[PDB]
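[1] give me the fold of what follows.
(one chain, ligands or ions: 1)
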Amino acid sequence: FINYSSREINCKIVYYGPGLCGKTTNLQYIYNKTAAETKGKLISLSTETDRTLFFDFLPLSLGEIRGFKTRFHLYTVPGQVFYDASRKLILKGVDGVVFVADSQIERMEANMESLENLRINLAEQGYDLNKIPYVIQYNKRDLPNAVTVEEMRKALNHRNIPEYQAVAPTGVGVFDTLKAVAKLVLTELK
Ligand SMILES: Nc1nc2c(ncn2[C@@H]2O[C@H](COP(=O)(O)OP(=O)(O)O)[C@@H](O)[C@H]2O)c(=O)[nH]1
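    Numbers count the residues shown, from 1 in each chain. You can find the structure just below:
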């Protein structure tokens, strides 16, 4: 999304996953551990029905595509967002998507049905997941109730697609996940 006069194209990175998985902790480790003269301000919106969390920033690797740099955005939905007309609204012209799956055995049947939603909301909006940048981040690895990744690749990453093992409050692969989707969108931009 080029802005002509402002001479700075904008991309769309979204974090998808079940209710309480690691989308909010992901953006915090990023914004809460960066520098002001690059990023904007962390916006948190909320109503009695739905919630939205998002921020904007300038990368630290690029400069000129047509003589201009990109300015990625990270959009998400904290908590158990009931209504599906807000999660359809969060994918309004998405460029790259990250799937924060919860390694928790308790909510392992929760990742499947949440992935099914991403696989049914995008094709509805004219987006095929196999071409539109999509990465998966296996979070909550520290918890001793968590399943082996060998099983998560079999059940959630059926038609792989790059994967990343991460732990959100320690920062493990929070930024390492983002750097993968970034280049995947940057390549699909010329
Ligand atoms: N131990 C641990 N806790 C995590 C991890 N990721 C998220 N959490 C916790 O899980 C809870 C819900 O996650 P949060 O990101 O805040 O909300 P979400 O936006 O609905 O996924 C919070 O208490 C987080 O601290 C992780 O990798 N390890």
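[2] distance check, residue 2 against residue 116.
    Using CB to CB, to the nearest Å, we find residue 2 at a distance of 34 Å from residue 116. All C-beta atoms are positioned from the backbone trio N, CA, C, and that covers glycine.
[3] actually, residue 51.
    Residue 51 sits 21 Å away from residue 116, going by CB to CB.
[4] looking at these two, which is more packed in?
    The neighbour comparison of residue 51 against residue 116 (other CB atoms under 10 Å) goes to residue 51, with 16 against 10.
[5] what's near enough to touch that one?
    Listed by CB atoms under 8 Å, 6 or more residues apart in numbering, the contact set of residue 51 reads 44-45, 77-79, 81.
[6] that one and residue 79: what is the separation?
    Distance, residue 51 to residue 79, using CB to CB: 6 Å.
[7] residue 166 now?
    To residue 79, residue 166 is 20 Å away according to CB to CB.
[8] same question, residue 33
    Using CB to CB, residue 33 is found at 23 Å from residue 79.
[9] excluding its backbone neighbours, what's nearest residue 102?
    Leaving out its chain neighbours, the residue that sits closest to residue 102 by CB to CB, 6 or more residues apart in numbering is residue 21, at 4.3 Å.
[10] so that neighbour makes contact with residue 98?
    No. Contact criterion CB atoms under 8 Å: residue 21 and residue 98 do not qualify, at 11.1 Å.
[11] of these two, who's got more company?
    Between residue 21 and residue 98, counting by other CB under 10 Å, residue 21 is the more crowded of the two (26 against 23).
[12] ok so that one is a strand residue?
    No. Residue 21: not assigned to a strand; according to DSSP: H, G, I helix; E, B strand; the rest coil it is coil.
[13] list the contacts for it?
    100-102, 107, 111, 139-140.
[14] what does this protein put close to the ligand?
    Counting by CB under 6 Å from any ligand atom, the residues of the chain close to the ligand are 17, 19-25, 78-79, 139-140, 142-143, 167-169.
[15] show me how to select, in PyMOL, the buried members of the residues you listed.
    Only the buried members of the residues of the chain next to the ligand enter the following PyMOL selection, criterion being 16 or more other CB atoms under 10 Å:
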select buried, resi 17+20+21+22+23+24+25+78+139+140+167+168
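[16] so which of the residues of the chain next to the ligand belong to helices?
    23-25 (DSSP state H).
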